[PDB]
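J.:
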RNA sequence: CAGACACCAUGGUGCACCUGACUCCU
RNA sequence: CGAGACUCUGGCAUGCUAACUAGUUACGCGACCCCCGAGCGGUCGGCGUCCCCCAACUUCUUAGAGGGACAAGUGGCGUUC
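Chains as they are written, first to last, in the authors' numbering: chain U, 14 to 204; chain h, 16 to 119; chain H, 6 to 146; chain g, 1 to 227; chain R, 4 to 144; chain u, 1 to 76; chain e, 1 to 63; chain m, 2 to 314.
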């Protein structure tokens, strides 16, 4: 443990952080070697505290939405650590590294901001932040988890693991691959 | 013979309560009794929620008044008569001072 | 009698006092180890600094802790801040500045702030709204 | 405390005696220039001390009125014989006593004097006795069905934050008219805010006093004396 | 030691079997049909919770100085679901929880003692610490 | 110790009381009178004393009328 | 951004400098206790802002 | 004269190292009063990595320890701290042997005797309290005993005479006799309020330096003025060496050290680096102390370091 | 300075009022 | 004048003052005593209970005085204000 700290049941090591912009917004083993994702119970104290929070801890944060599910991280970290188990038995890979790849293919490249042109709808081909690229990755990952479980035999962990695996390698069966591309569609589009 | 007399002090004015509790502890040692000290019982916050707007069409304006009373006791291993004799004299205003035969 | 230091670890309303008494004993949070009460979902949090410091620092003392206040989660940091501070305060007065500093050096790179108090409490509630910052549902024409 | 009313209830019940007494002696001792009361809890004696600017009507002749002024207080409000011992209090200043002044201005406004002229007389006089500020408001209907407000301010009046509450002496009087009610609203900001002795809430929070140095200079050579 | 050193959820089930090893645990005449609590939408799955509830009571009274009827009724209940209204905590049946108490008193697992109610029997202090070791040697959660 | 008054009749103060309320000496007493020229009978003033040999007379020499005023010796 | 120094600190600190430029220093807890010694400030926090701006002034004026 | 090369640096402090003290038994002990409300004991490694290791933390005040003084053996720590209390610590463990409540304001000074009984403290309460080791304030030297803040009370080595050489913020040095507490002399005629004062290590000569920083020399056996050794910058600490007459001035831009028999400047131990802001730039030596021998010149600055100098030609 | 510019109508009522003095007799 | 200043509160005071309507640790630690475990067993350590004291302390806790926050600091920037 003082040599290397791993995940609660997985390894923070053997994690392939393989994007260009998303360096040091995705870290699980670099400074963020955590068996237990919980920093202090707040993550909006600073704008800096976004990159302080790792993607494994923000996933436990960005899940508890939907007011009956708000204020429940203990249900969440249960279901989140359940979801890593459902990754590995479907993959065999490090389920953190699957989650780490899930941020990669779900992060956009160019998006669009609104602009006006002659009354007609045009949108400006802009980059988004690699902070936002992670935040557009996680939020689309967190959307398909509770939604697909909401009237199905599958729990959120089974839907979130399918959400991570199909976004670890873009299969267009996770919600995050399917909605990133519509964001990236408008950049090469209008004007 | 000594007689462990509680001196219970109740007030709402703290520095009035403090300047009298200073008189009781010193005056018990000025003319010799037990001196024990301020056993700080917690204050009681009397909070009452009121309406700020009578005939309250418009905005629901709530108004809360608090009143804080302050308790403490001073148990004195000291001879029963001259416990209450030295202490209860010379303090009329501002502060209730309750010397007490109990905790015998 | 045996040598000891008393400390505290604090969340919003949660003070856990551990006496890090000399001898051979556990980290007895309310007389029992941490495999008890069952929150046991933040269980890697409170078990983390003992692994990073070694149990022999905590087993060269008896640590019996009195804990009160808060909820289940508020007490988990309250005991983790305390027994971290118990180990610092034991070596600093009795044994050595160097080990407790190394204990302070080990605790602080992941930085759960296990040695400083935290000013976060519940914010005082004002009227005119069902929430501490949120207000009622408004109606206009 | 057992078996009385609560210690919570007791300090509630202490002001309940204070309110009904002050309202009633507003209704009757305003003829004294009612500045207030002072109920002093003494052993075997309720030392009531009547603050007023005309204490020549408290006894009547030979202590006549006190034996019915106490007989209101001593008999209705729960006191034994010899407990309520009445005392006068002819307050020294009255121009720092806006309560007695909005009383006394009501002896010039409802009692009869010109509107500005009585507010020239008293507002000077409460400044003549001394005021850091002193203001007079007569608010409401005047000259028919139209509401008016007559502001007569002298000295400095502050309103910021916390020291608005400490530094002033305020009086509101419901003067009844043949056409309505006006409010004689007289506030006097205390001249004994940084002084007298000293006044409330350490001298003014917008102000800092320093001492003069008169040190650390010398023409002398270093030369000592055994002392 | 205590029973707080061993696994509490194993303890409420190993002592439940120990009350089945007692053979009698003085069940009331009404558990096949009862509401049993105004918290519960359904009647219980069985009757063998009553052993577990007394296995949860005798563990509770091992730690107290003594307790009784009202104290058990806050333990096993929770949010009373108020339907179209907001749910709130209350207390269910005070008869079957007292029937638990008179049972463990009747078996001398707990016993009417000081601090207003039932504290441990010293036989119970054996038989809890006996099955505490049976809890502890089996598994340690 | 002062004997505050709302009126104080003709032996008012300021060497009208240096031999009347008491015999023992005082410091100084304010009166609204200018007590040499008018010989005006007026009371809105006060009476300051030292209270060593003054208390015995004025509490039986209260409630009275030297002229047509009313001496209220209320001591405080 | 906030709690910028108003008229009350700067006018008070100026009189303090020109009279006490020996007995003022640059340590706050000196000058805070010096503004305890030489000044009558109705708040510790106001004395924190004054004597701190004295240390702001004393650093400036010793240049 | 001789010189001083930088023997090393001390580490491990929070806030300004307000005083430093060697005990006569252990020159390898330096007790460095820092602004961390807890003085640190240092058993000197005399290394090149550090010069010592943190030995104890004498844990706890409400404010900062300005002056510190050790027992002559090296067993007790008198942390005269700005919480109003001097606290006599068990320097080996922690463990206040005596907290000295009674100074109503920030305890500026503390002195502990060669008798190892006389505790005299000066404070911002403008009092000079001759304490005992049990906290018995044996006498509070008042009544023209520094009518300004009592800056630093200093012992002549009390086998010579029972003298407190007390400097003050009243630009005076009130030199007393002890156990009668009448002035041996008031040293009159100083420029600037006297931040520090020293004795010659036999109680023989008195040197006084302060705000203006003119090291005015006095025959301490007489209270008669020798001369004014010239500094000019605000002296924060004066100390003759115990092995020779080297008085050293802890000043603003440097550490002016001299030879005092005869009057010549030995070196000037610099303390400045290139960090131009420029009202924020210079640090100062707020405390210098010699060794137990007078070989190592310890200099506890405002930079959380005590740079040391063993005298090297 | 040095990239992209659409239509959008209506609507109503009372009080701003013309002089000085200070024997409160303290 | 407002605002600021100011009040009160959240924080920071193992300093400091007090405790038998608070307690705490501390003993001898026993006792209900469990061997559960070590220890053969005592003892140890043990949740409570209590012996608890003429222990101790205010750490928890209470409430009292205080101090701490002032770019104050540093290092850039800014009329360098």
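Positions of the beta carbon are idealized from the N, C-alpha and C atoms, including for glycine.
1. Would you check if the distance between the CB atom of residue 333 (chain m) and the CB atom of residue 22 (chain e) is smaller than 9 Å?
2. Take residue 35 (chain u) and list the residues in its own chain whose beta-carbon comes closer than 6 Å to its own, dropping the five residues that flank it on each side.
3. Using the three-state DSSP reduction, which class does residue 64 (chain u) fall into: helix, strand or coil?
4. Which value, in whole angstroms, describes the spacing of the CA atoms of residue 288 (chain m) and residue 111 (chain H)?
5. So with CB distances below 8 Å, who are the chain R contacts of residue 37 (chain H)?
6. Let me see if you follow: with CB-CB separation under 9 Å, is residue 86 (chain H) close to chain U or not?
7. My output table needs one value for residue 286 (chain m): the three-state DSSP class, helix, strand or coil.
8. Less than 8 Å between the CB atoms is what I'm expecting for residue 69 (chain H) and residue 24 (chain H), so what's the real figure, rounded?
9. In angstroms, rounded to a whole number, what distance separates the CA positions of residue 116 (chain R) and residue 125 (chain R)?
10. Terminal residues of the continuous beta strand (DSSP E) containing residue 16 (chain R)?
11. Determine which residues share a DSSP beta bridge with residue 91 (chain R) and list them.
12. Which residues of the region 125-140 of chain H have a Cβ closer than 8 Å to any Cβ of chain h? Give them in chain order.
13. Going by alpha carbons, who is nearest to residue 111 (chain U) out of U:183, U:156 and U:197?
14. In angstroms with no decimal places, state the Cα-to-Cα distance between residue 15 (chain U) and residue 95 (chain H).
15. Determine the closest residue to residue 98 (chain R) out of R:32, R:10 and R:63, with distance taken between C-alpha atoms.
16. Which chain U residues sit within Cβ distance under 7 Å of residue 47 (chain H)?
17. Cβ of residue 210 (chain g) less than 9 Å from any chain e Cβ?
18. If we ignore side chains and look at the alpha-carbon of each, how far apart do residue 151 (chain m) and residue 165 (chain m) end up?
19. From residue 8 (chain U) to residue 199 (chain U), what distance separates their C-alpha atoms?
20. Excluding the 5 residues preceding and the 5 following residue 184 (chain m) in the sequence, name in chain order all residues of the same chain whose CB lies nearer than 7 Å to its CB.
21. If you run the structure through DSSP and keep just helix, strand and coil, what is residue 297 (chain m)?
22. Taking CB distances under 9 Å as the criterion, tell me whether residue 41 (chain g) reaches chain h.
23. With a CB to CB cut of under 7 Å and the five nearest residues on each side skipped, what residues in its chain are close to residue 109 (chain R)?
24. Rounded to whole angstroms, how far is the Cβ of residue 173 (chain m) from the Cβ of residue 189 (chain m), which I believe are closer than 8 Å?
25. Take residue 116 (chain H) as the anchor and find which of H:28, H:101 and H:82 has the nearest alpha-carbon.
26. If you draw a straight line from the alpha carbon of residue 190 (chain U) to that of residue 54 (chain H), how long is it in whole angstroms?
27. Taking the beta carbon of residue 73 (chain H) as the centre, do at least 16 other beta carbons fall within 10 Å, making it buried, or is it exposed?
28. Mind checking residue 46 (chain R): buried by the 16 CB within 10 Å criterion, or exposed?
29. How is residue 110 (chain h) classed by DSSP in three states: helix, strand or coil?
30. Could you compute how far the alpha carbon of residue 100 (chain m) sits from the alpha carbon of residue 91 (chain g)?
31. Where does residue 187 (chain m) sit, in a helix, a strand or coil, going by DSSP?
32. Do you know how far the Cα of residue 65 (chain g) is from the Cα of residue 70 (chain u)?
33. Name the residue from g:95, g:63, g:145 and g:44 whose alpha carbon lies nearest to the alpha carbon of residue 192 (chain g).
34. Give the secondary structure of residue 127 (chain g) by DSSP, where H, G and I count as helix, E and B as strand, and everything else as coil.
35. Against residue 98 (chain H), what residues of chain m qualify as contacts under a CB-to-CB distance less than 8 Å, listed in chain order?
36. I need the DSSP call for residue 209 (chain g), collapsed to helix, strand or coil.
T.: Looking at the atomic coordinates:
1. No answer is possible for residue 333 (chain m): the residues shown for chain m start at 2 and end at 314.
2. Non-local C-beta neighbours of residue 35 (chain u) in its own chain, meaning closer than 6 Å and more than five positions away in sequence, comprise 14, ordered along the chain.
3. Residue 64 (chain u) falls in the coil class under three-state DSSP.
4. Their Cα atoms are separated by approximately 33 Å.
5. Within chain R, the residues 5, 7 and 8 have their CB atoms less than 8 Å from the CB of residue 37 (chain H), given in chain order.
6. Against chain U, the CB of residue 86 (chain H) has no partner CB under 9 Å away; the residue lies outside that interface.
7. Strand at residue 286 (chain m).
8. The C-beta separation of residue 69 (chain H) from residue 24 (chain H) comes to about 6 Å, placing the pair in contact by the 8 Å criterion.
9. Near 11 Å, if we compare the C-alpha coordinates of residue 125 (chain R) and residue 116 (chain R).
10. Looking at the DSSP string, residue 16 (chain R) is not in any beta strand (DSSP E); the run it does join, the alpha helix (DSSP H), is 11-24.
11. Answer is R:83.
12. Those residues of the region 125-140 of chain H that come within reach of chain h (Cβ to Cβ, closer than 8 Å) are 132 and 133.
13. Answer by Cα proximity: U:183.
14. A straight line joining the alpha-carbon of residue 15 (chain U) with that of residue 95 (chain H) spans about 22 Å.
15. Closest in alpha carbon position to residue 98 (chain R), among R:32, R:10 and R:63, is R:32.
16. Those within 7 Å of residue 47 (chain H) in chain U are 49 and 51.
17. Contact of residue 210 (chain g) with chain e is assigned, a C-beta pair being separated by under 9 Å.
18. Straight-line Cα distance between these residues: approximately 12 Å.
19. With chain U represented from 14 up to 204, any question about residue 8 (chain U) goes unanswered, as that position is not in the structure.
20. Spatial neighbours of residue 184 (chain m) in its own chain (CB-CB distance under 7 Å, excluding positions within 5 residues in sequence) are listed in chain order as 175, 176 and 177.
21. Residue 297 (chain m) falls in the strand class under three-state DSSP.
22. So yes, residue 41 (chain g) belongs to the interface.
23. 29.
24. Right, their Cβ atoms sit about 7 Å apart.
25. Nearest to residue 116 (chain H) by alpha-carbon distance, out of H:28, H:101 and H:82, is H:82.
26. Their Cα atoms are separated by approximately 39 Å.
27. Flag for residue 73 (chain H) reads exposed.
28. Exposed.
29. In the three-state reduction of the DSSP assignment, residue 110 (chain h) falls in the coil class, being assigned neither a helical nor a strand state.
30. If you take the alpha carbons of residue 100 (chain m) and residue 91 (chain g), they lie about 52 Å apart.
31. Correct three-state label for residue 187 (chain m): strand.
32. Rounded to whole angstroms, residue 70 (chain u) to residue 65 (chain g) spans 13 Å at the Cα level.
33. The candidate whose alpha carbon is nearest that of residue 192 (chain g) is g:95.
34. Three-state DSSP puts residue 127 (chain g) in a helix.
35. Contacts between residue 98 (chain H) and chain m, judged by CB atoms closer than 8 Å, involve 57, 58, 60, 94, 95 and 96 in chain order.
36. In the structure shown, residue 209 (chain g) sits in a strand (DSSP, three-state: E or B).
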